[PDB]
Amino acid sequence: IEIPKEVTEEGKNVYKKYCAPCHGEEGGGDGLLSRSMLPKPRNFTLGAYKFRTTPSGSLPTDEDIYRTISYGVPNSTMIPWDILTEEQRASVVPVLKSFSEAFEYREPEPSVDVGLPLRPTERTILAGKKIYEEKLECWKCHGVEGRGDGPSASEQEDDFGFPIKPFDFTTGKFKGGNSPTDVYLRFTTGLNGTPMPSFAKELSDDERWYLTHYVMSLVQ
Amino acid sequence: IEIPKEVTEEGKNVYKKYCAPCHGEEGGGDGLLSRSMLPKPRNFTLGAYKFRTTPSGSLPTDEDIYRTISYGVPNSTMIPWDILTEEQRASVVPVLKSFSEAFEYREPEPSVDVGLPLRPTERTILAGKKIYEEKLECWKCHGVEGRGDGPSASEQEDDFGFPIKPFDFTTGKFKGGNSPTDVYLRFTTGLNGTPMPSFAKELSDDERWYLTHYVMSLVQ
Amino acid sequence: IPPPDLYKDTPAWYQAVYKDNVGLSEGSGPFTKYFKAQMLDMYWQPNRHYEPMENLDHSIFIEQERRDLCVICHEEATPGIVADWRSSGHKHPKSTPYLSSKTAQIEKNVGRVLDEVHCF
Ligand code: HEC
Ligand code: HEC
Ligand code: HEC
Ligand code: HEC
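Protein chains in written order, with the entry's author numbering: chain B, 35 to 254; chain B', 35 to 254; chain A, 48 to 167. A prime marks a further copy of an entry chain.
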């Protein structure tokens, strides 16, 4: 439904009861249970969201945040919050936005246009294999099979100073969603706060569908 | 890009050169090669399109037709036409629309709202298994595993009078697209012209995501 | 090296009545003008009697070198031909030491790399 811009008392309470234990009382990702948690809960104060429909460096839209709250983040303790009502999940969006000054000064960039997903073929997969292994050498961080055991894997770090070793995605549980549109979105938007950049500039729309098709090919 | 409402000479020629051999000179699905082709090429004169974003019984939007042309239809001779230009594929949309009087009298119904795809879990899959096997008995046409070998499978027929035995979808090559959103769309819109109906009324939005998750579970 | 020619060391009158492409409009041999070829001579003797397709234009798939579309369509139009081809040594020419060895010599002779032999 409609996500408010205003902060409400209900929004404070929902965050307090269901989000503060991990993300912290002030959204610093420093709840008590964050000391022993891996991956670390998001520090909302930086305004850096991994999963957006906006280009690299931009803030998330209010709908981007509501989507992540509803769907959750696989390969982490970030469960789906479908257990909460539509309004409850929408009332905490401004609470998360109030943790970062960047939301008050800049406006989120326009959402990218997905377009029509290209038909996967033997041709598109091999064109993505070429990009993955030769043109951009994604096996550096992710490995030849995408297991997350490449040479540069163990040394990767957040912009928050935390180790972010790329998880094995051959299970098919992508953090932003396991849809072909979801994976294409990640390559078109980039993951803010992580060494995983946007390839909207290095590759065309068609080439990122080629790359998406090969990435899905690595799933079991 | 922009799909015209007007019929052009270029649109006539593109259909003539690339579509008439199968779909017929007047869109009756009666090209010469249709006599030996299975599945039969679509008879556009009925205004019945399998793959829409509109509810059951409605016409397709101009974007629905352009999408099917670009992506193609797996498990059939309907190849993707990405080989053709953006404008060429858009100029044949009105040509296909001119084959059926229904396009001139009625306006296509509003596109349905997909919403947010629910997170697949062990719980959602079992709730879809219950619907698939008990509440709606989809194994009648599709079989227990979705192989297309149910008791009522061989006897199914088109609204055009042709046998339509549900293809084995355990390969994952769905005719409308293999995305979780695509499969959810089919259950929310229904396949016009086939005994595969819409379940937008029998099931809620959440229950069709449960059903979608179980259908994807049957893929290998 | 001269391109392969089935009619090497044959007189021009012999090639004119056996190799030169008439359609189904004529026969073959010294009595080519006394009869017309049977329909299947398009396939039995292609050089002399083959004629192009007339139903679905294939030029655009050749003109843009869309080898992929040959398979995507004929996978569903003629599944038997694709099933044979996918199982042949032309699809997997480097799958055994014997196949890899013969393929390597062919690559040198044709100046090309052959990871597969396609319908194209
Ligand atoms: C501990 C079980 C948590 C609870 C309680 C909440 N969240 Fe969470 N969240 C958690 C982790 C470990 C992560 C990072 C996952 C990763 O690997 O990246 C997150 C992340 C988020 C995000 C990230 C959005 C983005 O980076 O693009 C959001 C918007 C978020 N969490 C929201 C959120 C809300 C609204 C919560 C209360 C209902 C909440 N989280 C609770 C761990 C935990
Ligand atoms: C080191 C700088 C990397 C390079 C080079 C590539 N990737 Fe990456 N990737 C990296 C990190 C640190 C992360 C985040 C991991 C986490 O736990 O948050 C990622 C993420 C991905 C994903 C997952 C997307 C999702 O929604 O979960 C994918 C599918 C992915 N990366 C693919 C990918 C491709 C195609 C690359 C070459 C163009 C590539 N990665 C390079 C680190 C690095
Ligand atoms: C023979 C190789 C064909 C050519 C040439 C074209 N089409 Fe086709 N088409 C073909 C078949 C066998 C089918 C039915 C597939 C099935 O199993 O349902 C179709 C279907 C379509 C549709 C259907 C849309 C719907 O039902 O929702 C459309 C819109 C369509 N075809 C368009 C189309 C166009 C524009 C073509 C010229 C570029 C064209 N087709 C050529 C077989 C063949
Ligand atoms: C007989 C009346 C059927 C019943 C009962 C169910 N399905 Fe069906 N389905 C049927 C036909 C004739 C077709 C079209 C086949 C073709 O070749 O065009 C379908 C199609 C589907 C699909 C494929 C969707 C796609 O995009 O390709 C799916 C995934 C599907 N049907 C699922 C499904 C479910 C979940 C059912 C129970 C609610 C169900 N089918 C019942 C015939 C019949």
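Ideal Cβ positions, reconstructed from N, Cα and C, are used throughout, including at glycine.
Item	Value
Residue 259/B' - DSSP class collapsed to helix/strand/coil	In this structure chain B' extends from 35 to 254, so residue 259/B' is not present and cannot be described.
Residue-chain proximity (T223/B', chain B), Cβ-Cβ < 8 Å	no
Residue environment, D96/B', which counts as buried when at least 16 other CB atoms sit within 10 Å	buried
Neighbouring residues, chain B, relative to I128/A (Cβ below 7 Å)	Result: empty, since nearest Cβ-Cβ is about 16 Å, beyond 7 Å.
Alpha helix (DSSP H) segment containing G127/A, residue limits	126-134
Below-8 Å beta-carbon distance, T102/B' vs any chain A residue	no
Any chain A beta carbon closer than 8 Å to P200/B'	no
Pairwise C-alpha distance: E101/A and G76/A	27 Å
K84/B to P197/B span [Cα, whole Å]	15 Å
Whole-angstrom distance between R157/B' and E123/A, CA atom to CA atom	37 Å
Expected contact under 8 Å - CB spacing of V217/B and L118/B to nearest Å	Not quite, the Cβ-Cβ distance comes to about 27 Å (not below 8 Å), so this is no contact.
CA nearest to the CA of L170/B', picked from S68/B', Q254/B', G62/B', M230/B'	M230/B'
CB contact below 8 Å: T111/B' versus chain A	yes
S92/B to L225/B span [Cα, whole Å]	10 Å
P151/B', buried or exposed, once every other Cβ within 10 Å from all chains shown has been counted against 16	buried
beta-carbon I99/B' near ligand 3 non-hydrogen atom, thresh 7 Å	yes
Interface residues of the region 165-180 of chain B' facing chain A [CB-CB below 8 Å]	none
Endpoints, alpha helix (DSSP H) assigned at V249/B'	239-251
Closer than 8 Å to chain B by CB, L252/B'	no
Under 8 Å by beta carbon: chain A residues contacting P55/B'	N102, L103, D104
Check whether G162/B and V249/B have beta carbons under 8 Å apart	yes
Run of the alpha helix (DSSP H) containing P128/B, from where it starts to where it stops	127-131
Within chain A, partners of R157/B - CB distance below 7 Å	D115
Ligand 3 heavy atom lying under 7 Å from the CB of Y145/A	no
Proximity test, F78/B' beta-carbon vs ligand 5 heavy atom, cut-off 7 Å	Within the structure as shown, ligand 5 is missing, the only ligands being ligand 1, ligand 2, ligand 3 and ligand 4.
beta-carbon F196/B near ligand 2 non-hydrogen atom, thresh 7 Å	no
Rounded straight-line distance, which links the Cα of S232/B' to that of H176/B'	16 Å
Below-8 Å beta-carbon distance, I119/A vs any chain B residue	yes
As assigned by DSSP and simplified to three states, the class of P197/B'	strand
Under the three-state DSSP convention, the category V107/B falls into	strand
Length of the line joining the Cα atoms of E60/B' and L160/B'	47 Å
Element boundaries [alpha helix (DSSP H), containing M230/B]	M230/B -> no alpha helix (DSSP H), and no H or E assigned at all.
Closer than 8 Å at the beta carbon, the chain B' residues around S125/B	Neighbours of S125/B on chain B': none; closest Cβ ~17 Å, over 8 Å.
Assigned exposure category for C172/B' - 16 Cβ within 10 Å defines buried	buried
Test: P142/B' CB closer than 8 Å to a CB of chain B	no
8 Å Cβ cutoff, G106/B' in contact with chain B	yes
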